[PDB]
There are 2 protein chains.
Amino acid sequence: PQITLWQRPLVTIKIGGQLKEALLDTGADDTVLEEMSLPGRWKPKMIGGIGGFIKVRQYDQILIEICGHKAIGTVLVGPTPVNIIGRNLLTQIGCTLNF
Amino acid sequence: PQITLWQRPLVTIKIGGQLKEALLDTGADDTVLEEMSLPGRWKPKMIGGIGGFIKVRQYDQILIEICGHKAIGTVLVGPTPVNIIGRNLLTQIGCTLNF
Ligand SMILES: C[C@H]1CC[C@@H](O)[C@H]1NC(=O)[C@H](Cc1ccccc1)C[C@H](O)CN1CCN(C(=O)c2cnc(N3CCN(C)CC3)c(Cl)n2)C[C@H]1C(=O)NC(C)(C)C
């Protein structure tokens, strides 16, 4: 689909049997999601941006269905204000920026 | 042009006769530039990122050329990791997400 930027580009993603809404973020290297339990073991990690850094848990090789498109990748779980889909997963669904 | 997200979507912007590197950020509602001198007065604004809120200086009606596309809009100046081009300026140059 062709998403415009008049409003925030939120899409419905499905992960772990839960349907969540997330932002398609081209400025985000990683994919950060709000606190939830994911199977598998995790690795502690610090990610930052404007406002500073936050501690998250890095779960590898998780499956996320972004608007029907399946994607596999690293997912960081932590105290983020909004679920964000980064470049790692955006590339897998063939997302591009045009202008 | 079409931009894939395998790498960071950095473009060259021209602001105040100076060239700068900037990130095409669809997850950014606003355009936040690094510390520089801009013309006119400024108003205060609180913007929240991943690590929290910060204070920035709001300058209105600033000319900024993004990849040869001129845009006149609101630019915020404050403590940011990199120059960020947000939805406010992306909509002006006609930027969309496709997939
Ligand atoms: C624009 C602001 C105004 C108000 C909101 O609209 C707001 N938007 C945002 O802040 C959104 C989130 C949001 C959305 C809605 C509501 C609230 C928040 C995130 C933003 O789109 C992207 N953001 C760009 C700058 N940036 C970097 O350049 C960067 C890159 N690399 C670094 N590193 C670490 C490793 N090193 C090796 C090399 C340097 C460091 Cl420290 N920093 C951090 C990055 C970010 O946050 N990435 C994630 C993985 C943490 C998500």
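The deposited coordinates, according to the entry record, derive from X-ray crystallography at 2.5 Å resolution.

What follows is about the pairing of strand 6 (residues 53-66) of chain B. All names here are of chain B. Both strand 2 (residues 10-15) and strand 6 contribute to a ladder of two bridges, which runs antiparallel. Note that in strand 6 the partner of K14 across the bridge is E65. In terms of strand pairing, strand 5 (residues 43-48) meets strand 6 through six bridges, oriented antiparallel. Looking at the pairing, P44 lines up with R57 of strand 6. The hairpin turn running from strand 5 into strand 6, its antiparallel successor, is four residues long, and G52 in that turn takes a positive phi close to 135 degrees. Pairing of strand 6 with strand 7 (residues 69-77) involves eight bridges; the strand directions are antiparallel. Within strand 7, the residue paired with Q58 across the bridge is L76. Hairpin connection from strand 6 to strand 7: two residues lie between these consecutive antiparallel strands, with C67 at a positive phi of about 50 degrees.

Looking now at the relation of the copies chain B and chain A. After a rotation of 178 degrees and a shift along the axis of 0.1 Å, chain B superposes on chain A with an RMSD of 0.5 Å. Taken together, these values place the two copies in the relation of a two-fold axis. Of every C-alpha in chain B, the one belonging to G51 of chain B sits nearest the axis of rotation, 2.0 Å from it. With an isologous cut-off of 70% or more, the 97% of interface residues of chain B that recur at the interface of chain A puts this contact in the isologous class.

It is worth spelling out the site of the ligand at this point. Of all residues adjacent to the ligand, which total 24 residues, the nearest are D25 of chain A together with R8, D25, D29 and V82 of chain B. What surrounds the ligand is not a single chain but chains A and B. Interatomic distance of 3.3 Å between a side-chain N/O atom of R8 of chain B and a nitrogen atom of the ligand. One nitrogen or oxygen atom from the main chain of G27 of chain B is found 3.4 Å from a nitrogen atom belonging to the ligand. Protein coverage of the free-state accessible area of the ligand, which is 1,000 Å², stands at 76%. Here the shell around the ligand takes three residues from strand 5 (residues 42-49) of chain A, the largest share from any one element. Looking at the shell around the ligand residue by residue, the classes come out as 13 nonpolar, six polar and five charged.

Here is what the cut-offs are and how they apply
Residues numbered from 1 in each chain as written, not as in the entry; some residues may be left out. Chains lettered and ligands numbered in written order. Heavy atoms only, no water. Pairing = 2+ DSSP bridges. Helix = DSSP H or I, 4+ residues; strand = E, 2+ residues; numbered from the N terminus. Least-squares fit on C-alpha atoms. Contact = heavy atoms within 4.5 Å. Near = heavy atom within 4 Å. Polar contact = N/O pair within 3.5 Å; in protein donor to acceptor, adjacent residues only side chain to side chain. Areas by Shrake-Rupley, 256 points an atom, 1.4 Å probe, with all protein chains shown as cover. Nonpolar A, V, L, I, M, F, W, Y, C, P; charged D, E, K, R; others polar.

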